[PDB]
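Report on one structure; see the data block that follows.
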Amino acid sequence: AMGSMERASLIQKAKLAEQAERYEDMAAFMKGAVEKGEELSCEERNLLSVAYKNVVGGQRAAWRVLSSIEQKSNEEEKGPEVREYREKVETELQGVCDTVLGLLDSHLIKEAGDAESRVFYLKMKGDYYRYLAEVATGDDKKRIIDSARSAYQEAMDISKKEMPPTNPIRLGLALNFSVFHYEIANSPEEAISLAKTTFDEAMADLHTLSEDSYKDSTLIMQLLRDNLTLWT
Amino acid sequence: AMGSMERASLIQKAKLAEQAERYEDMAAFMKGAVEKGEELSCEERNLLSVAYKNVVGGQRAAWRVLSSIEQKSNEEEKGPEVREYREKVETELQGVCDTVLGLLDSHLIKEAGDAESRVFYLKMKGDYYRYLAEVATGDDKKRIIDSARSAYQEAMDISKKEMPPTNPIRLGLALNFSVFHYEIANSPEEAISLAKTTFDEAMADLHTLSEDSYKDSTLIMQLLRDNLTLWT
Amino acid sequence: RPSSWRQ
Amino acid sequence: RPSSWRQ
Ligand SMILES: *Cc1ccc(-n2ccnc2-c2ccccc2)cc1C(F)(F)F
Ligand SMILES: *Cc1ccc(-n2ccnc2-c2ccccc2)cc1C(F)(F)F
Ligand SMILES: [Ca+2]
Ligand SMILES: [Ca+2]
Ligand SMILES: [Ca+2]
Ligand SMILES: [Ca+2]
Ligand SMILES: [Cl-]
Ligand SMILES: [Cl-]
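Protein chains in written order, with PDB author numbering: chain A, -3 to 71, 75 to 231; chain A', -3 to 71, 75 to 231; chain P, 69 to 75; chain P', 69 to 75. A prime marks a further copy of an entry chain.
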């Protein structure tokens, strides 16, 4: 639906949509920009991520509310409505995840040669498979979990070879992979070990950073610390 | 699109959507319930109002952000994008207002004989014409403003004859009509006079109320006071 | 901006 | 629920 709008206009409107807190619009504009077929700059990748994270974040929050109501209903019979509406929200959420994964597969990842872009997109791929895993039950659930793991692992391997331990995308990737281990893979010890090693290796590299980079890195390190405090 | 769902299921799902903060869904469910053709109960009217107020509230907030950016752009030329996107949000907002006004006209108002229901729907009609007036510029703007005024005035006339001065819908109607006077009709003195008289007449009637009704009425009286403090 | 009715 | 990355 964005095929007739200039790439630069789509990016401009994505930024306006962000300011207006219109994240569905923001995501549609950024999808249109990706579909122009050119690689995305660092700023443009961030806009893509912000847009879809906000859209899927609202869906996940709604799904958790409805799932809790449904679980409590199965401990008076109220009919099929709670399950039906949970399924409606779930299908929408899956549709958004499939859309993001489709953009990554056609063709953001294959054109991403620099470490910063490839790690960014593989982290995204892990995240959106993780969101699919959060709602999965059926025959493909193990394969969905393994798809998230595989994407995160490839991103980790690249990030460890190509980026310093304080790089914000490397830190956020490790943070999210640690959440994957704890919440999805039932591996809390792996989650704790990853968060601790990531935090400690970043700490030892802070001395190399400017004041602005130090602020960026320490902000994400605090999220790692917050999880370690919750988990230990 | 809701024609195949039971009325009771639509109401149940509207309540679930509210809990999940899915206000677009909530509004669609309540539109479906209205279109069943039966009158709405007090609780159902509240669900209808909450759903659309949240939908249009987000649109109004976005429109104000974009309008401010557009105004500042017309004090470097950035192209047509800001105006285009403001117009997109504006058209969506107008569409929602037209939908609500259409439900009121077909046929909620004409079937509403009790004072509580008729005042409720006429207040809604005034509110949604007021939201149209907030974005109006062209040939119909005076007629849009007069449509809001006429709806509010009919609601006021009924409320003064049929309800005590502490009735929450009477208070909220007076509050919103006072906002109309201040922000839309360029009549700040009328706004202040209405808010003051409404507050004082409610104060003198609080002695008749139970503790729960007293809480309901004083909450809205505080909004009247907040505006009087802002305006004087 | 003044307050219109809100929950 | 732990924190994944957030702005
Ligand atoms: C997943 C993630 C992690 C960190 C950041 N981030 C925080 C501060 N700066 C940055 C950044 C990373 C990569 C490029 C540019 C900035 C962002 C992200 C995310 F955008 F979500 F991928
Ligand atoms: C416009 C409005 C004003 C007040 C209330 N309200 C507050 C507390 N109780 C009520 C109420 C009014 C009428 C029926 C039932 C409850 C609600 C509303 C609104 F719902 F927006 F119309
Ligand atoms: Ca039922
Ligand atoms: Ca490339
Ligand atoms: Ca431009
Ligand atoms: Ca009737
Ligand atoms: Cl449903
Ligand atoms: Cl647009």
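From the three backbone atoms N, C-alpha and C, an ideal C-beta is built for every residue, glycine too.
(request) For A'/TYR181, go through chain P and note every residue whose CB falls closer than 9 Å to its CB, in chain order. (result) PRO70
(request) Look at the alpha carbon of A'/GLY137 and the alpha carbon of A/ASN226, and state the distance between them as a whole number of angstroms. (result) 55 Å
(request) Could you tell me whether the Cβ of A'/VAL61 comes closer than 7 Å to any Cβ of chain A? (result) yes
(request) In the DSSP assignment, find the unbroken alpha helix (DSSP H) run with A/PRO167 in it and report its ends. (result) 167 to 178
(message) Please list, in chain order, the chain P residues whose beta carbon lies closer than 7 Å to that of A'/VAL178.
(response) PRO70 and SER72
(message) Comparing C-alpha positions only, which one of A/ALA(-3), A/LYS140 and A/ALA154 sits nearest to A/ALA24?
(response) A/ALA(-3)
(message) Suppose the cutoff is 6 Å on Cβ atoms and the five residues either side in sequence are ignored; what does the same chain contact list for A/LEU43 look like?
(response) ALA10 and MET26
(request) Using the Cα positions of A'/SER37 and A'/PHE119, report the straight-line distance between them to the nearest angstrom. (result) 11 Å
(request) Evaluate A/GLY33 with the Cβ neighbour count: other Cβ atoms within 10 Å of its Cβ, from every protein chain shown; 16 or more gives buried, anything less gives exposed. (result) exposed
(request) Run down chain A in chain order and give the residues with a C-beta less than 7 Å from the C-beta of A'/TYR84. (result) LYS9 and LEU12
(request) Check whether the Cβ of A'/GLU161 sits closer than 6 Å to any heavy atom of ligand 6, and report yes or no. (result) no
(request) With a cut-off of 6 Å, give the chain-ordered residues whose Cβ is closer than this to any heavy atom of ligand 7. (result) A/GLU83, A/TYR84, A/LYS87 and A'/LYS9
(request) Note down, in chain order, each residue of its chain lying with its Cβ closer than 6 Å to the Cβ of A'/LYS124, except the 5 sequence neighbours on either side. (result) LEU103 and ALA150
(message) Check whether the segment 198 to 205 of chain A' and the segment 177 to 184 of chain A' are in contact - that is, three or more C-beta pairs closer than 8 Å.
(response) no
(message) Quick check: A/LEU174 and A/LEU222, are their CB atoms within less than 7 Å of each other?
(response) yes
(message) Helix, strand or coil, according to DSSP, for A'/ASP139 in the structure here?
(response) coil
(message) Output needed in chain order: residues of the segment 23 to 52 of chain A' with a Cβ under 8 Å from some Cβ in chain A.
(response) none
(message) With H, G and I counted as helix, E and B as strand and the rest as coil, what does DSSP make of residue 235 of chain A?
(response) Residue coverage of chain A in this structure runs from -3 to 231, which leaves residue 235 of chain A outside it and unanswerable.
(message) Using 8 Å as the cut-off, can you tell me whether the segment 76 to 87 of chain A' makes contact with the segment -1 to 15 of chain A, which would need three or more C-beta pairs spanning the two stretches below that distance?
(response) yes
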